[PDB]
*Asks:* 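One structure, as structure tokens, below. Some questions next.
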Amino acid sequence: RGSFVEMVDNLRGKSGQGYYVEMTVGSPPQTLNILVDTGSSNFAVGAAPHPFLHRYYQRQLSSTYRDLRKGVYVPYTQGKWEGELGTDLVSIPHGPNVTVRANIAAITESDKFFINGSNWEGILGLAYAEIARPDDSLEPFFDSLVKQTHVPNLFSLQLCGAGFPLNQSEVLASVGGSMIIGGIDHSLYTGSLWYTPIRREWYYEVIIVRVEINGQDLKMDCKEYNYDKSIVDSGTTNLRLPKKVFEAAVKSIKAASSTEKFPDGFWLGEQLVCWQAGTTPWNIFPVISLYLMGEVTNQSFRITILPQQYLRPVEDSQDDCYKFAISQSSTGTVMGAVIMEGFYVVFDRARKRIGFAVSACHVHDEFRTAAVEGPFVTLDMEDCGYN
Ligand SMILES: CCCN(CCC)C(=O)c1cc(C)cc(C(=O)N[C@@H](Cc2cc(F)cc(F)c2)[C@H](O)[C@H]2CN(C(=O)c3ccccc3)CCN2)c1
């Protein structure tokens, strides 16, 4: 049974532009769409005009606004923003029926942060205080929510990829998934939930113990898979892999899909590939299994993703087109939005663990489905973690 009906279907968006939830800030409430980001820890909103924003937070209109008299600078891999710290009353209309006083970074300047047509005006960093900017004394939103209310210290995400392109009007009208705050809604998944420990509380860090491409072991020292860390990040589109793992994975994926030759630009994640309407050769592309450390000593489980997850639908014509949504990383493994689209992901902060189950909305075909299976006997899994 599904017990959180008020929060089911509260997300919109897509992997390439991010998934967002509606929130309100201030008194009277100012409605804004907010990017759900498990890869950062600041709550920040556009607070000044920007060409890609059609609304922004107006602090002078909020009776409950409190100025913290301090600036904040947040650089990300490519995008960045700077703003002014303050606090205000915050609510989530399709969330728990509570109002909390939270820190808000009012974005005054930004560069390649806001995305044209994404429909979001701010970001909700759901990770831990350790990585909050300027420092860990800036309480993240979720920490404030749990401290001020009876909301349990857990949230879960079901990101729903459509499996095809959504134009501007379609993406605004479509249900992009669910963020269940304080619980697990059992209607959002099939099979069982398997848990992996959160290695450390900064990013949502996990440990990958084995990798397979169509059942074939990538056969790398497991430390390579987590070099320098492995994280679950809804604020990044792609599955990102450490340089050496990416080189081994692409070589194996190419070998598995060898009946069709794709250009270098495709494997670099830059160029789209197209097939006549309905003819995408899903069967030629391999499944990818990531084995994760289990909660029981010497036990692991695996999550299996299809090309329907790692090939991101893009519009070109009546052709079905995609980009390869696996990228090289110099900052460790990133289980991005395309991977999370295959699963219902439980961020169980209370029990320092992350759960995975097959998503009720994952894209698949009549021959193969995503999977979450276990247990497997795995030795010396602690050695897989990088120091
Ligand atoms: C999601 C839509 C598509 N899209 C963005 C538009 C192309 C991408 O796929 C995309 C591609 C790449 C390459 C990177 C990122 C990215 O930086 N995402 C952040 C959120 C975000 C979402 C946005 F929409 C726009 C942003 F500017 C920022 C996460 O919080 C990171 C930030 N981190 C670091 O920078 C870091 C700090 C220290 C060390 C290493 C890394 C920590 C991990 N978590 C996103």
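For this chain, numbers begin at 1 and follow the sequence in order. Side-chain atoms are counted along with the backbone in the values below, which use heavy atoms only and exclude waters and symmetry mates.
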*Asks:* How about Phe343 and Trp194: are their ring centres within less than 6.0 Å of each other?
*Replies:*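 No - the distance between ring centres of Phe343 and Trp194 does not fall below the 6.0 Å cut-off.
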*Asks:* Report yes if some heavy atom in the side chain of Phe301 is under 4.5 Å from a heavy atom in the side chain of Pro375; otherwise report no.
*Replies:* no
*Asks:* Indicate whether the side chain of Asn42 and that of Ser40 have a donor and an acceptor atom separated by less than 3.5 Å.
*Replies:*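 There is no such pair (donor and acceptor under 3.5 Å, judged by atom type) between the side chains of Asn42 and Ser40.
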*Asks:* Sequence neighbours excluded, which residues qualify as ring pair (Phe, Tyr, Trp, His ring centres under 6.0 Å) partners of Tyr56?
*Replies:* none
*Asks:* Mind checking the CE-CG spacing from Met293 to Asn226? Nearest 0.5 Å is all I need.
*Replies:* 8.0 Å
*Asks:* Side chains of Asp233 and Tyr203: does their closest heavy-atom pair fall under 4.5 Å?
*Replies:*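 Sidechains of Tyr203 and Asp233: no contact.
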*Asks:* Using a distance-only test with no angle check, is there a side-chain donor-acceptor pair under 3.5 angstrom linking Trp275 and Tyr322?
*Replies:*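 Note: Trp275 and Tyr322 side chains miss the donor-acceptor criterion.
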*Asks:* So, for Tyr344 and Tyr189, is the gap between ring centers shorter than 6.0 Å?
*Replies:* yes
*Asks:* When rounded to the nearest 0.5 angstrom, what distance separates CD in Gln30 from OG in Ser27?
*Replies:*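 Between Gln30 CD and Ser27 OG, I get 9.5 Å after rounding to 0.5 Å.
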*Asks:* Quick check on the 6.0 Å ring-centre criterion: do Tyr128 and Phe142 meet it?
*Replies:* no
*Asks:* Sequence neighbours excluded, which residues qualify as side-chain hydrogen bond (donor to acceptor under 3.5 Å, both in side chains) partners of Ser169?
*Replies:*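 Partners of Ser169 under the side-chain hydrogen bond (donor to acceptor under 3.5 Å, both in side chains) test: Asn167.
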*Asks:* For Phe113 together with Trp120, are the ring centres under 6.0 Å from each other?
*Replies:*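 Ring-ring flag for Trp120/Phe113: true, centres closer than 6.0 Å.
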*Asks:* Should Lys243 and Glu247 count as an ion pair when the cut-off is N to O under 4.0 Å?
*Replies:*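 Looking at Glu247 together with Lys243, the answer is yes, because their closest N to O distance falls below 4.0 Å.
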*Asks:* Passes side chain to side chain donor-acceptor pair (under 3.5 Å), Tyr225 versus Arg210? Steps please.
*Replies:* CA-CA 8 Å; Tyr225 301 141; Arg210 176 184 166 97; over 6 Å; no
*Asks:* Checking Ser289 against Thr304: is there a side-chain donor and acceptor pair closer than 3.5 Å?
*Replies:*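 Judged by distance alone, the side chains do pair up.
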*Asks:* With distance as the sole test, does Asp348 use its side chain to make a donor-acceptor pair with the main-chain N or O of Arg351 at under 3.5 Å?
*Replies:*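 Between the backbone of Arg351 and the side chain of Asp348 there is a qualifying donor-acceptor contact (under 3.5 Å).
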